[PDB]
Amino acid sequence: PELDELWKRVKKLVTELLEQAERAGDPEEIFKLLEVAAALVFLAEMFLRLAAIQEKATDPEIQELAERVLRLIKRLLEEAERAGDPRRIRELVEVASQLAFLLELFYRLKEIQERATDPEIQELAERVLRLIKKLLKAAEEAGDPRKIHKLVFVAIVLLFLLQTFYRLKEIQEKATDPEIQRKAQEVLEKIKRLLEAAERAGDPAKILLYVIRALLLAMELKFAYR
Amino acid sequence: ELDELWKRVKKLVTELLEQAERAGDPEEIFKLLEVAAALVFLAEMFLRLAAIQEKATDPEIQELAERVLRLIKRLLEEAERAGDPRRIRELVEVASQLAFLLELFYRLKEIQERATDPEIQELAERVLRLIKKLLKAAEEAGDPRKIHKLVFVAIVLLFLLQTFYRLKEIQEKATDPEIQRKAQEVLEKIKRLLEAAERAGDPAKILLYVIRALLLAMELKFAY
């Protein structure tokens with residue numbers, strides 16, 4: 001339903017960009033048009049994640065965020081379809097494709113959740129998704145795509161942090177090297193604290209700073225494990 | 001080598017976080033953290049290299065992945081040398097687009113492990129040799145904006161080649177004889193578009209053929 005009307009819109013915009021790129025132009029102008037059409041096709045590839053997101057086993061908080069993401073994508077595409085400035089279409093499609101990448105991450109979270117057996121890690125997932133919902137609400141009220149970009153970027157990096165939280169628990173559940181276990185526990189304790197700070201931060205740029213600190217910490221452990 | 005790349009990434013991120021802390025304007029802060037995050041994304045892409053270097057992986061994939069890591073190392077050394085924040089942001093961004101190829105090379109590896117349609121392999125080697133030409137020309141480019149263009153075509157090419165594979169899965173495992181025959185017809189047009197890409201002189205023309213082929217594959221994917 002919603003997919004086949006978002007794909008119709010994506011289809012229309014892609015062919016208009018292909019036609020404009022197939023007409024006369026310099027290389028840099030054709031390539032920038034084609035970068036927009038490519039990002040639009042990536043968008044459609046992200047839409048294919050919804051069937052798995054919208055399936056019955058998926059966590060309902062994930063489903064509601066993905067629906068907010070699709071509405072925002074719809075809004076920016078409509079804005080792109082009536083914009084005429086090429087830099088405006090490029091910026092609007094770019095932010096729509098960042099939003100679309102959240103669907104990939106939401107789908108990755110869905111898969112990682114149905115495999116994880118730790119109930120506390122499930123609960124930490126829910127306070128993160130509640131922060132993402134806050135970020136998405138602010139994006140839904142912004143008129144400036146650059147303001148949307150910022151809030152979505154924090155949401156992307158937050159989702160990646162949740163991914164590294166599942167991964168580090170998996171390492172902790174399975175690593176037999178006792179020093180890997182020692183460092184995993186140390187990193188998880190630090191990341192939990194950094195996530196609580198980001199959840200109390202209010203300022204999106206402070207959220208992003210804490211999240212990046214947590215990701216750098218988790219990455220030190222992931223590189224140590226392999 | 002991976003341990004030395006991570007050390008450089010770690011160094012660049014901490015410098016960027018320190019600047020983000022020392023910056024006062026919220027727009028510059030966010031731009032600096034975007035660069036730091038992109039560096040972390042790049043370390044995560046490095047973690048895909050051990051599966052890529054496994055004995056089962058296509059050696060064409062392995063050779064390409066080592067060209068990508070060479071490009072990335074060069075950009076990180078340049079980012080560590082530059083002083084301009086804007087220049088560091090462009091260099092890091094292109095390194096991170098390069099890093100994404102490692103994700104796409106990993107995924108290609110996985111799909112190639114379940115490749116019941118053998119004809120793909122000769123076709124995929126032609127794509128990979130097209131991607132090698134792009135990556136070889138990227139290594140000789142120097143201009144980070146020209147590396148970005150060559151890398152962008154390689155990314156979409158790899159995405160097309162990945163999509164070329166899941167069409168074969170839809171072909172062999174579809175019930176509807178029309179949907180299963182469209183998959184086989186789409187795959188033939190994609191071969192002709194790839195053939196046109198292999199003889200094209202400029203990356204802009206390659207990209208246009210690859211987007212035409214992706215559009216064709218995507219239309220099939222949305223049909224089922």
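Atoms considered below: every heavy atom in the structure, side chains included; atoms not considered: hydrogens, waters and symmetry mates. Note on naming: letters A, B, ... go to the chains in the order of the sequence lines (proteins, then strands), and numbering restarts at 1 for each one.
- The shortest side-chain heavy-atom distance between A/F153 and B/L33 does not fall under the 4.5 Å cut-off.
- Atoms CG and CG, on A/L33 and B/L207 in that order, are 10.5 Å from each other to the nearest 0.5 Å.
- With sequence neighbours left out, B/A99 forms a side chain to side chain contact (heavy atoms under 4.5 Å, CB included) with B/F41, B/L42, B/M45, B/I72.
- Of the inter-residue distances, the one linking B/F46 atom CZ with A/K222 atom NZ reads 13.0 Å to the nearest 0.5 angstrom.
- B/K149 and A/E28 are joined by a salt bridge, as a carboxylate oxygen and a charged side-chain nitrogen come within less than 4.0 angstrom of each other.
- Interatomic distance, CZ of A/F31 versus CG of B/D202, reported as 10.0 Å (0.5 Å rounding).
- The side-chain heavy atoms of B/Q162 and A/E45, taken from C-beta on, include no pair separated by under 4.5 Å.
- From B/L17, atom CG reaches atom CG of A/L216 across 6.5 Å, with rounding to the nearest 0.5 Å.
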